[PDB]
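Report on one structure; see the data block that follows.
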Ligand SMILES: *[C@@H]1O[C@H](CO)[C@@H](O)[C@H](O)[C@H]1NC(C)=O
Ligand SMILES: *[C@@H]1O[C@H](CO)[C@@H](O)[C@H](O)[C@H]1NC(C)=O
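Residue numbers (PDB author numbering), protein chains in the order written: chain D, 273 to 320; chain R, 709 to 828, 853 to 1143; chain V, 854 to 950; chain G, 709 to 804; chain B, 999 to 1046; chain A, 1096 to 1143; chain F, 563 to 620, 641 to 672, 691 to 708.
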């Protein structure tokens, strides 16, 4: 799995985001930020 | 040094100005173009870093820029203005430029002719995002601007739309170019006839001149050619044993297949980067063209422009916007001076030892009599204290002629 | 001339560009801005200058009462321009760059 | 709040503004430039594909754009106006 | 190497040509609004 | 402008009605050429 | 001819052996996935737009921009706040953009 982990000033991982859990987490992974502003974001490509 | 030429007539000309405002919002992908359906190729691409991410970000930027260009050029009206149900415009005909109920796409005959004049990809990892503003919605914005101009002149551009009689609006537009309002009212039928004839000639000029829409077809063809060359570059080997990635991956062992795959990836990435850079340069050119189109819509359509040649040859009276595929066509209604006559002219006239200069227009002589007339139209008037001002004596002006100034107070 | 390099001559020669500049100068001096709008309407140059003065918010009488002084200032400025463009290095630096 | 400065005189100045309108129309042929008078380098080049035909097209576009730029800047007059034979301009000197 | 150098030269020429086009567009606008006519816009056709 | 009983002359960008006089209006031609005009009294300031 | 090539060297069609029939090869449906979000601060609710994808591959709405799920299509129009494409902007509701309020001037 691809995980986006938020480090703090101490270096402890205070939060994490699972990119494959849901589209919102995938958007957080794509923008490299836990909080995303209002807008359209292209994260990945769906192909059959 | 003592002769002027003043036109005794005028012509209402209409000029077509075609400006591209946007291009196809094309986009590519890192793997679907550079690699295809290959995991090993994508892993090799990952060694090159976020190069393709930069390329995709740039293409997304140009697509958003095309959206912004269309929005800036056409969305210059806060509220959609609707033409009055009755076309009582003092004789002026706008049927060729107003949307017609018969056409489902609600497009003026000129706009419909423009779309039919031009003639019109997504199977190799490419995509063409649809424009945010559709054909009908861009046409609706153009119709709103046309209604605002024909119903409020430039007051709708400045703020709230103020109802204006179109002959009176055109009369003030005539006043704006230094021609008195009376000349339009005395010649309203002639101006309306000239205006209608020029508008009719606009359809003939657009439909009977090939390459008239070339300024838009050129960008459409350039984008199509760029996509065609980009997908033809996949057929290139770039020095690899074969262009196809699958066969060389299948028939080569890992430590030489990776070298061949790297060579193909270097070539394909260089092709994609060249295409992206050329698209960015073309997008900059289209951005400049769209900025010019927005400036022309603000200065010529939303108002009256006193900068000559910005809105067509001649004195610009006003203009009409028309939608076009990825573009806008401006119908510039301009006032052109017509048959002119030379007149003996003097800078000032000496009466009672006092130098009189014209408050507006110039002094002219047809041979025996002197008159004061507007520069852009020969409307001679008897010399009076009302249209002339006195300053100094007759010994300072290099050109002085003697004539009697008539003040109404004395009779 | 080097290997693989060529310089295509400009379509408009300098002499033809000078002819275009001469035509523009003749139109500006003889017809003022009228030749730009359409047919070239001849006008005395002081009268054209007076209307340009009226255009910049100064009454046309101001030029006529000062026509000799205005012509003297204009001639002095034009002569000074040649000296300024000749004695100042890098004045044409934009083209040289 | 009650004082205004008004000019009792004026100076007619002339300012020089220099604007480049075009650049040298340089053309470079890829096949001659990168592969000098040899066939085998041309065969190796053909594997690269349309890269330099694209470069030639770009140089051709630049040259055509330069011609268009010069024409747009200077050819703003439909007719060639000719200066009058007498320089009677009311004292203004245009000999320069 | 030589093709990369030629591509770089073409890219530099394209950017310089765009700058020259912008200068030429400004020159054409100045020719129209300063020479062909009189401009009321301040400093477009010189100080004063 | 006509508020419905009397005619006035006003600046286009602000409603400041004024009586029609010879000092704010200029006479051109006659009434048989201008289309769509109405009859009114132009008060001459010199007459009273 | 065994296989058909479309412009720019694409394998558009191929004749099959043992049948001789010519089969057109249309590339498998592919498209980017865009995420409509009002911002995590405002809400965690999210809509998904499959670009250039028919609504045949896994509330739904089919637009020229592609297949959009998670936002309800509403007939009435509002000013655009999030861009989707094809004249459509976007609980999350997807609507056709309103270019401006209608204002007919009483011309006379
Ligand atoms: C204005 O200045 C000029 C020099 O620029 C001078 O010759 C002229 O006498 C001055 N006029 C007045 C009224 O001061
Ligand atoms: C303009 O100046 C030149 C040189 O200073 C002189 O030869 C010429 O005669 C002048 N023009 C007129 C019309 O006198």
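Even for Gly, the Cβ is constructed at its ideal location relative to N, Cα and C.
- Not one heavy atom of ligand 2 is found less than 7 angstroms from the C-beta of residue 933/V.
- Secondary structure at residue 1009/R: helix, using DSSP grouped into helix, strand and coil.
- Scanning the segment 894-946 of chain V from its first residue to its last, no whole beta strand (DSSP E) run of 3-plus residues comes out.
- Secondary-structure assignment with DSSP links residue 1142/A through no beta bridge to anything.
- With a threshold of 16 other beta carbon atoms within 10 Å, residue 899/V meets it and is buried.
- With a threshold of 8 angstroms between beta carbons, residue 752/G makes contact with chain R.
- As DSSP reads the structure, residue 1102/A sits in a beta bridge with 1097/A.
- At a cut-off of 8 angstroms between C-beta atoms, residue 1010/B does not count as an interface residue with respect to chain R.
- Residues of the segment 893-917 of chain V whose Cβ lies closer than 7 angstroms to any Cβ of chain B, in chain order: 905 and 908.
- Shown here for residue 655/F: same chain residues with a beta carbon closer than 6 angstroms to its own, the five before and five after excluded, namely 643 and 694 in chain order.
- In this structure, DSSP gives residue 949/V a helical state, which the three-state scheme calls helix.
- In this structure, the alpha-carbon of residue 1106/A lies about 29 angstroms from that of residue 1053/R.
- In the structure shown, residue 1130/R adopts coil according to DSSP, grouped into three states.
- Judged by their CB atoms, residue 1125/R and residue 1086/R are nearer to each other than the 8 angstroms cut-off.
- Residues of chain B with a Cβ closer than 9 angstroms to the Cβ of residue 755/G do not exist; the shortest Cβ-Cβ separation is about 11 angstroms.
- Identification of chain D residues near residue 768/R by a Cβ-Cβ cut-off of 9 angstroms yields 314, ordered along the chain.
- Between the C-alpha atoms of residue 1061/R and residue 1026/R there is a straight-line separation of about 12 angstroms.
- If one requires a minimum length of 3 residues, the beta strand (DSSP E) runs lying completely within the segment 731-774 of chain R are 733-735, in chain order.
- One Cα belongs to residue 794/R, the other to residue 722/R, and the distance between them is close to 24 angstroms.
- Distance check between residue 924/R and each of 802/R, 1139/R and 737/R places 802/R closest, using alpha-carbon atoms only.
- About 7 angstroms separates the beta carbon of residue 882/V from that of residue 797/G, a gap short enough to meet the 8 angstroms contact definition.
- If you compare the alpha carbons of 1108/R, 720/R and 978/R with that of residue 907/R, the shortest gap goes to 1108/R.
- Per the Cβ contact rule, the segment 961-981 of chain R is in contact with the segment 992-1006 of chain R (3 or more Cβ pairs under 8 angstroms).
- In the three-state DSSP reduction, residue 1050/R falls in the strand class (E or B).
- Secondary structure at residue 861/V: strand, using DSSP grouped into helix, strand and coil.
- Within the chosen limit of 7 angstroms, ligand 1 does not reach the beta carbon of residue 912/V with any heavy atom.
- Taking every residue with its beta carbon within less than 7 angstroms of a heavy atom belonging to ligand 1 gives, in chain order, 922/V, 926/V, 716/G, 717/G and 719/G.
- In chain order, 947, 948, 951, 1018, 1021, 1058 and 1059 place their CB closer than 7 angstroms to the CB of residue 728/R, counting only its own chain and leaving out the 5 sequence neighbours on each side.
- A distance below 8 angstroms between beta-carbons, with the five flanking residues on each side excluded, links residue 934/R to the following residues of its chain, in chain order: 722, 724, 804, 818 and 1063.
- Cβ contact annotation for residue 614/F (same chain, cutoff 7 angstroms, sequence separation greater than five): 593 and 648, in chain order.
- The three-state secondary structure of residue 965/R, taken from DSSP, is helix.
- Look at residue 1141/R: its C-beta is under 8 angstroms from a C-beta on chain A.
- Cβ contact annotation for residue 302/D (same chain, cutoff 7 angstroms, sequence separation greater than five): 313 and 315, in chain order.
- Residue 886/V and residue 788/R have their alpha carbons spaced roughly 38 angstroms apart.
- The residues 977 and 981, in chain order, have a CB closer than 7 angstroms to that of residue 746/R in the same chain once the five nearest residues on each side in sequence are set aside.
- With 5 angstroms as the limit between CB and the heavy atoms of ligand 2, the residues that fall short of it are 795/G, 801/G and 803/G.
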